[PDB]
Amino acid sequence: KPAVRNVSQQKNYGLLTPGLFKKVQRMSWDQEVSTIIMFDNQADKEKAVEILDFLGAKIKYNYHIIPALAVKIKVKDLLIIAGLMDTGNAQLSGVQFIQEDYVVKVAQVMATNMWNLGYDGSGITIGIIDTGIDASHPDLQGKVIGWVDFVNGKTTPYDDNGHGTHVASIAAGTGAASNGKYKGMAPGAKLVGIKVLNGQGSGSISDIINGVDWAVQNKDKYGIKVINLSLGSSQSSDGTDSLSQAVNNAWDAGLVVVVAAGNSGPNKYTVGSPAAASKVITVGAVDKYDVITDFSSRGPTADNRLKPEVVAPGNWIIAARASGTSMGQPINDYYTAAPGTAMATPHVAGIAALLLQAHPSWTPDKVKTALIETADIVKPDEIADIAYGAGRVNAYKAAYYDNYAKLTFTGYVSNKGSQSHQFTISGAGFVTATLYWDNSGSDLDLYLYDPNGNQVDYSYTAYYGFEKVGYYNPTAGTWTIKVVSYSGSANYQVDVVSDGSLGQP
């Protein structure tokens, strides 16, 4: 196993992130800097408005989804609230941290959707947080029921880049212009266009958070159940920055949040924000043969958590070409092909919309679980780990989750102990077993044994989140799962899922 990192758990310069502290060290007093101030709660955030007005700092946003302000502030003034420059002497009260509001930037071709399903995401609305949507594209017409433009303030949908349209169509395109061939994963779903990225595909953290905020504020009005963020930076993140917090909070408000892993692989620790947010679904990219792409970002997070959780097709994906744009590699007037974890992301968002159509009562955690547990183990010796996560999502299995046999095991393992559980299986094309546990400081591993008692799969990442094993055409008989503490104790749960019959001996 890879030796791990630190840890370590106290790194900020008072209120300033290290990155922001360095930034302002090279600046002079009268210059301006764009920041996000995260407070410990909403009332503390509110108290600070009057003080920031006094100093003449300019509040760009006052957020609901996080207790934070997006603030443009002179260095001298920022030194004052940071407690680094005495009039106080005191740090601004109730501040958790102040970060930089920095800028985010975004052939064998293939269709996104290789399935025919009974569901199509009817009655579900997906928010596309991106460059916009070309709602005049034949595959999207009448779909865009909601719209906001935080870049230019235009009040009618458009897309001046191409990226957001391509993404929107992978998620929910009807495929009308190819008679279905390049439909998205959720052809019956509605869309809301949330433009936070400019024509160059660039945007500020503050704008992206505001787009997440808007989606949450407006979730009831437009029936938003899923949001899509095909955007991020890839500076290794621990998922505690303002944008990560915002997407985690949006998850808790009841939205399925689906985020691109990033395109900065194959190196490990290339998962940044908001890819690192623990709660959301972070999505890597495979090519058309189910092989992880070289560019797909690898985890773990900066704090050693397992990311991405799943991967999806993200290499030269054909989808809607926004009127007047030419992103990637044009196929014809209506369609263009592009690679990226940005293409993988909406594939998963649309599947999420199927599942929510199929199961109106499912929470986001339930959607995430079904995706993880049903994902195809396309590369057994690398699953679960920080390139493939749990494997490549399978829209058919995810959507038909409930038709499958299930078995749940639980127990406790002490430091370096194990537990085993036998189960019987027959008539199966597949079985998977997925392991969770409570103690995030503990590393548990998962092993799967055939009826001869021989190990046919293992899952032993060092990085905490889950473990995942399974087998295709498992021979009928009594199989064993073993839960092993590599280090540390925990209470655990293993879900076994199969299309065969599942029993106990």
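Residue positions are given as counts along the sequence shown, with the first one as 1.
Where coordinates are absent for parts of the deposited sequence, a chain break appears; between neighbours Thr87 and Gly88 it spans 1 to 3 residues. The entry models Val106 and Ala107 with a gap of 10 or more deposited residues left without coordinates. The mean Cα B-factor in the deposited entry runs higher for 407-415 than for the other of 407-415 and 220-228. Checked against the record, the higher mean CA B factor of 148-156 and 306-314 lies with 148-156. Listed residues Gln329, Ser169, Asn161, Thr282 were ranked by CA B-factor as deposited; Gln329 comes out on top. Considering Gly299, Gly199, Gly391, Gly324 together, the PDB entry gives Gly324 the largest C-alpha B factor. When the modelled residues of the chain are ordered by their C-alpha B factor, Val494 lands in the lowest third. Residue-level temperature factors show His64 in the middle third of its chain, judged at the C-alpha atom. Per the deposited record, the Cα B-factor of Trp362 falls in the highest third when ranked against the other modelled residues of its chain. In this PDB entry, the Cα temperature factor of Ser278 sits in the bottom third of its chain's modelled residues, the lowest group. Among the modelled residues of the chain, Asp402 sits in the highest third by CA temperature factor in this PDB entry.
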